[PDB]
Amino acid sequence: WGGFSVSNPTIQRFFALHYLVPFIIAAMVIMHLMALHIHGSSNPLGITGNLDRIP
Amino acid sequence: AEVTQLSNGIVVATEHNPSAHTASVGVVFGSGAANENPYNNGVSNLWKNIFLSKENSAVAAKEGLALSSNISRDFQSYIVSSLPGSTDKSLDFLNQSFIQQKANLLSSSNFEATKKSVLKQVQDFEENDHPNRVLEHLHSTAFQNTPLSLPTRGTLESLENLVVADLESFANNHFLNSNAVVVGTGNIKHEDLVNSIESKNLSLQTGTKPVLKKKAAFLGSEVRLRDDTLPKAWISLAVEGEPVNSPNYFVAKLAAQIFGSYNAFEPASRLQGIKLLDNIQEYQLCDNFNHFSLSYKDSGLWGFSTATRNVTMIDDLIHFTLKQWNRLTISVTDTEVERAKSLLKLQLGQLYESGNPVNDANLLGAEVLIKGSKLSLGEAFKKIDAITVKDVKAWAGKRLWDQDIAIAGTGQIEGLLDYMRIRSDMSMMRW
């Protein structure tokens, strides 16, 4: 809280954090895409897709 | 030089070469694999092997004669070679064995044995001759559902069902006086050849060849015959080209001479003045390539063929070669045109002056069967020397810039990209 209840210290620090977390999200999306690029995506048939691929 | 007469329904064309040591006579018909249908494909291939059967060749050998035969898409020929003093001996053999008395050749125990051997030649071709079977599938997919798509050797299913009555049907419709040219090349004289046909009363049937319904039509498509057990990748790629009698016949041949051929293992082929070699030698994209310009009666093909072992960089090989074709439309130097002029004249001069009378007979009969006469080599050199840079740009703009293509390939072709990715490379957004 920064005090005894929800007050001026709380609102001012919540805006500083609302600015920061989106840039952390952008960093975890890259880690998300890096782990996908290992084996590639899946398909609705649930079987291997190595026999037919398109760019 | 060459002389052509029409004494009757048959036409006599000659090419006297007094400084030769052999002579050849024969007959060339204006029909080929383009005058068949899917169900009798390969009949004209069976007729060639009957002419070259053991019994037929034994009679000719005892007289000092050699037999030759060739089957193309628009023509087929039957030639007899002999020494210069035995021309009338070859005309008699051709008459008594091919023009008339064709039933003894078509006898049983001779048709069966010949058919069994041709089935073996076709099976071996379809399993071992990868560069040539890819070029045959290029015709099959570029002219699908059309006369110009049938292979010149037939298929295993047409031949396996061919029967005793199928070969006699074909010769009735196509071996006629109006469809034939009698050709004499080497150490022979025009007057001596015409005076021999007029004495022996040589004559074929007096019908007329059937008229097809469809015509040749190019269609952008692709066929892929993947085979991971093969060690290489063979690919053919072409656009629609020029037929014979086209005004742009020598421009399309000069355009193919600009990129030429290449052999990675020949030291002198790596020093050629082709800018494409600068992009493909750093990482060894291919083993060999060659550019062609095929011309038929109705249409033609213009492209190239490759064989490579760099299976992971096939896209670079296709991408770089098509970007060089883009320069014909927009920016091609004067030096490139002048260099290709000198190499095309040398290439044509070798083809028409090989010194083999059998080769000249095939070229002479095929030309007369279409154009009615034959263009002189000196006249062709004048037309080649008159081509300009503006002619190349105009031709490539209408035939190459942003046009559909036909693709065929076999082997390890997993790295060959989709049609639209390759198709989009035929122009460029920068110009």
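The residue numbering used throughout counts from 1 along each chain in the order its sequence is written. It may not match the entry numbering, and residues with no coordinates are not shown. The lettering of chains begins at A and the numbering of ligands begins at 1, in the order of writing. This view holds some of the chains of a larger assembly, and the values cover only those chains. Excluding hydrogens and water, the side-chain figures rest on all heavy atoms present in the structure.

Per the deposited record, determination of this structure is attributed to cryo-EM, with the resolution reported as 2.4 Å.

**Points about the pairing of strand β8 (residues 233–240) of chain B**
All names here are of chain B. Of all eight residues that make up β8, seven are buried, and the element is covered over most of its length. Should DSSP find at least two bridges between two strands, the strands are taken to pair. Helix and strand labels come from DSSP, where a helix needs a run of H or I of at least four residues and a strand needs a run of E of at least two; each type is numbered from the N terminus. Where β8 lies against strand β11 (residues 300–308), eight bridges are found, and the strand directions are antiparallel. Bridging across to β11, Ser236 finds its partner in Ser305. Where β8 lies against strand β12 (residues 406–411), six bridges are found, and the strand directions are antiparallel. Paired with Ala238 across the strands is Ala406, a residue of β12. Three labels apply to residues, based on accessible area from a 1.4 Å probe with only protein chains included: buried if under 20% of the type maximum, exposed if over 50%, partly exposed otherwise in between.

**Brief notes about the pairing of β12 of chain B**
Residue and element names in this part refer to chain B. The element β12 is largely enclosed, with a buried count of six among its six residues. Along β12, one buried face is formed by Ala406, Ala408 and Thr410 and the opposite face, lined by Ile407, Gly409 and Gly411, is buried too. Bridge count between strand β7 (residues 222–226) and β12: five bridges; the pairing is parallel. Across the sheet, residue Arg226 finds its bridge partner in β12, namely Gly411.

**Quick notes on the environment of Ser427 of chain B**
Residue and element names in this part refer to chain B. Within the fold, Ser427 resides in the segment after α16 (419–423). Judged by its relative accessible area of 18%, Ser427 is buried. Residues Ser427 and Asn132, 295 residues apart in the sequence, show an inter-C-alpha distance of 29 Å. Apart from residues lying up to four places away in sequence, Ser427 is in contact with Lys323, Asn326, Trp401 and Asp402. Only heavy atoms matter for contacts: two residues are in contact if any of them lie within 4.5 Å across the pair.

**Observations regarding the packing of helix α9 (residues 249–259) of chain B against helix α11 (residues 314–330) of chain B**
All names here are of chain B. Axes, fitted as lines to C-alpha atoms, cover a helix only where it is in contact. Angles between the N-to-C directions of the axes lie from 0 to 180 degrees. One way to put it is that α9 packs onto α11 with a least axis distance of 11 Å and a crossing angle of 135°. With respect to each other, α9 and α11 are oriented oblique. Crossing of α9 over α11 shows right-handed handedness. Here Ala255, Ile258 and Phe259 of α9 come into contact with α11, specifically with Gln324, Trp325 and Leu328. Of the residues belonging to the contact of α9 with α11, the class tally is five nonpolar, one polar and no charged. Note on terminology: angles under 35 degrees are roughly parallel, angles over 145 are roughly antiparallel, angles of 65 to 115 are roughly perpendicular, and the others are oblique. Take the far helix as the reference: if the near one is turned anticlockwise from it by less than a right angle, the crossing is left-handed, and if turned clockwise, right-handed. Here the term charged refers only to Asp, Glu, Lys and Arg, the term nonpolar to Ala, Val, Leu, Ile, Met, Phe, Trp, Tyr, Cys and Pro, and the term polar to all other amino acids, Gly among them.

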